[PDB]
Amino acid sequence: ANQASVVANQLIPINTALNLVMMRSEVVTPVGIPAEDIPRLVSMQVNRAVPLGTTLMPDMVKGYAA
């Protein structure tokens, strides 16, 4: 209950480096990467294009290990 995840604030293009305009948090189901990891996700790249409103999942960010 109430775990907030990272949600795509806009379409995050393939292989693009993440920035703070790109990520917002929301309570979504299923639970994805925790909202508190938005600082650490900055500059990491996605390996697939992430459509607007998609929850960001661990398998989508290159070099992500929590």
# chains A, B, ... in the order shown; residues from 1 in each chain; ligands from 1
$ residues_around --residues "residue 33 (chain A)" --least-positions-apart "2" --cutoff "8 Å" --atoms "only C-alpha atoms" --output "ChimeraX atom specification"
/A:5-6,31,35,37,55-58
$ select_by_dssp --residues "chain A" --states "strand (DSSP E or B)" --output "JSON, numbers by chain"
{"A": [5, 6, 7, 8, 12, 17, 23, 24, 25, 26, 34, 45, 46, 50, 55, 61, 62]}
$ atom_distance --atom1 "CA of residue 14 (chain A)" --atom2 "CA of residue 59 (chain A)"
13.5 Å
$ closest_residue --among "A:34, A:20, A:15, A:63" --to "residue 2 (chain A)" --atoms "only C-alpha atoms"
A:34
$ atom_distance --atom1 "CA of residue 42 (chain A)" --atom2 "CA of residue 10 (chain A)"
14.9 Å
$ closest_residue --among "A:44, A:18, A:12, A:1" --to "residue 65 (chain A)" --atoms "only C-alpha atoms"
A:44
$ select_by_dssp --residues "chain A" --states "alpha helix (DSSP H)" --output "number ranges by chain"
A: 38-41
$ write_last_selection --atoms "C-alpha atoms" --output "short mmCIF file (atom, residue, chain, number, x, y, z; two decimals), in the first residue's frame"
data_model
loop_
_atom_site.label_atom_id
_atom_site.label_comp_id
_atom_site.auth_asym_id
_atom_site.auth_seq_id
_atom_site.Cartn_x
_atom_site.Cartn_y
_atom_site.Cartn_z
CA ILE A 38 14.88 9.22 -8.76
CA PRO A 39 18.19 11.00 -7.65
CA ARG A 40 20.22 7.86 -8.51
CA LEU A 41 18.46 7.20 -11.80
#
$ atom_distance --atom1 "CA of residue 24 (chain A)" --atom2 "CA of residue 8 (chain A)"
6.6 Å
$ closest_residue --among "A:17, A:4, A:66, A:22" --to "residue 51 (chain A)" --atoms "only C-alpha atoms"
A:22
$ residues_around --residues "residue 13 (chain A)" --least-positions-apart "5" --cutoff "12 Å" --atoms "only C-alpha atoms" --output "PDB file with C-alpha atoms, in the first residue's frame"
ATOM      1  CA  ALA A   8       7.437   8.305 -17.150  1.00  0.00           C
ATOM      2  CA  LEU A  18      17.299  10.148 -17.704  1.00  0.00           C
ATOM      3  CA  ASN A  19      16.733  13.620 -16.353  1.00  0.00           C
ATOM      4  CA  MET A  22      11.317  12.871 -17.351  1.00  0.00           C
ATOM      5  CA  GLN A  45      19.911   5.192 -19.771  1.00  0.00           C
ATOM      6  CA  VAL A  46      16.868   3.216 -20.614  1.00  0.00           C
ATOM      7  CA  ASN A  47      17.238   0.247 -22.932  1.00  0.00           C
ATOM      8  CA  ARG A  48      13.795   0.591 -24.483  1.00  0.00           C
ATOM      9  CA  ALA A  49      11.586   3.602 -25.315  1.00  0.00           C
ATOM     10  CA  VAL A  50       9.366   4.159 -22.255  1.00  0.00           C
ATOM     11  CA  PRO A  51       5.927   5.564 -23.201  1.00  0.00           C
ATOM     12  CA  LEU A  52       4.271   8.400 -21.181  1.00  0.00           C
ATOM     13  CA  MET A  60      14.457  -1.049 -18.221  1.00  0.00           C
ATOM     14  CA  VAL A  61      17.391   1.009 -16.846  1.00  0.00           C
TER      15      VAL A  61
END
$ closest_residue --among "A:27, A:36, A:16, A:21" --to "residue 3 (chain A)" --atoms "only C-alpha atoms"
A:27
$ closest_residue --among "A:43, A:53, A:64, A:32" --to "residue 9 (chain A)" --atoms "only C-alpha atoms"
A:53
